[PDB]
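Only one chain is shown below, in structure tokens, and it's the form deposited without this ligand.
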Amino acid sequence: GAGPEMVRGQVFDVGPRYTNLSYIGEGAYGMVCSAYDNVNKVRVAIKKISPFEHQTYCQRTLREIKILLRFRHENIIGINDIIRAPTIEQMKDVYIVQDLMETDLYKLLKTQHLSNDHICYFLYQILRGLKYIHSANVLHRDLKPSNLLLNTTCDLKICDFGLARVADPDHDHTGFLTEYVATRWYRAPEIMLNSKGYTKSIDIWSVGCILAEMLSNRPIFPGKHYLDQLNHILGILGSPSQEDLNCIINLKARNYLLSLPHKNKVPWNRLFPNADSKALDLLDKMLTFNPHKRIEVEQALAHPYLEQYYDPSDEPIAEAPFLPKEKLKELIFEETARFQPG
């Protein structure tokens, strides 16, 4: 009737509820598979996770499980089930069950031209999700096409909250070239200059990047290393204004910008000659150099580009806003307890 099922030589032990395994790929670190859920009669995605040797992998797993279990939103991936051993001592892996999403925006962009209607709809859903996340005082901090899941009807769901943090603007300041975790091509200019990525404006930049990418099927700022990323940004936006430089008090950061040759803005309509003009107006506002001047999520939603979808009453906000590895394991154990046969 059952056993410890294997997939590509590794235990993928999810039964008896989940049968007929097919492999998909790799996760952050751990195997991903689809499987037939025998209770709700649908195929699902199951991600195997093995974090307990390392406090960082515990921190990200716990952080993401805590977040995804607290969140309930149509445009954020839910956790349907969590499979693990009944005791801390026997728990070496955890399996997270999610709705099966056929594709993601990375894969889609590599293979499919998007109509303006698709771009508009996808951007609406990204921002609708992001409204909820930000309303919970959470920063996602790693928005990118591969973290935007899509099913067969183009329902879009934000995933991968492993690098998320509670917002903390009063402690956002840092020095020049401070090391950063999140994906390079979607990093706001200030990450390289004077920001730890603790304000909401960090996510809007990433959304701006994703919009630009949907318009042309190519990343807009494909930097090859930490500081090339900034010079990609400045080659399009042009040199920051005196006013925007006066906001950067750090001398290494400011003097770096002052050392560069003057660059003029590349107009959006020459970079994207087939783009809708309202899309380019909103792109410009999301890809603003100065984070204090950058559009906020709610303002983005209310922009004329999204007028066909905008409905604030149907764009919900969160009811409930918000260490050694041994204690993180116990907290992962406690956090996943609600899915245990009971």
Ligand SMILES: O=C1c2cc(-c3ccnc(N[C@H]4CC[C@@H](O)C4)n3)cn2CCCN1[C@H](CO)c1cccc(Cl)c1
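Numbers for residues come from their place in the sequence shown, where the first is 1.
The following text describes the form deposited with this ligand bound, which does not appear among the structures shown.
Given this ligand as it appears in the entry with it bound, superposed onto the chain shown via the C-alphas lining its site, indicate whether the pocket is open or blocked by backbone or C-beta atoms at a 2.4 Å cut-off with 3 or more atoms counting as blocked. Blocked pocket: the modelled ligand, placed by site superposition, has 3 or more atoms clashing at the 2.4 Å cut-off.
Against this ligand in the entry with it bound, would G27 count as a contact residue? Criterion: heavy atoms within 4.5 Å. Result yes; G27 sits at the interface with this ligand in the entry with it bound.
Check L149 for me: does it contact this ligand in the entry with it bound (non-hydrogen atoms, 4.5 angstroms)? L149 belongs to the contact set for this ligand.
Just to confirm, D93 within 4.5 Å of this ligand in the entry with it bound by heavy atoms? Residue-level check for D93: no, no contact with this ligand.
Flag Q229 as yes or no: does it have a non-hydrogen atom within 4.5 angstroms of any non-hydrogen atom of this ligand in the entry with it bound? Contact with this ligand, no.
From the list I67, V32, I295, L306, which entry has a heavy atom within 4.5 Å of this ligand in the entry with it bound? By the 4.5 Å heavy-atom cutoff, the listed residue in contact is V32.
Just to be sure I understand the contacts: of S239, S135, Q98, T199, which is the one whose heavy atoms reach within 4.5 angstroms of this ligand in the entry with it bound? Result of the distance check: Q98.
Is this ligand close enough to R72, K131 and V166 in the entry with it bound that each of the three has a heavy atom within 4.5 Å of it? Negative, none of the three is within 4.5 Å.
Can you tell me which of 256 to 264, 219 to 227, 201 to 209, 99 to 107 lies within 4.5 Å of this ligand in the entry with it bound, counting heavy atoms only? That would be 99 to 107.
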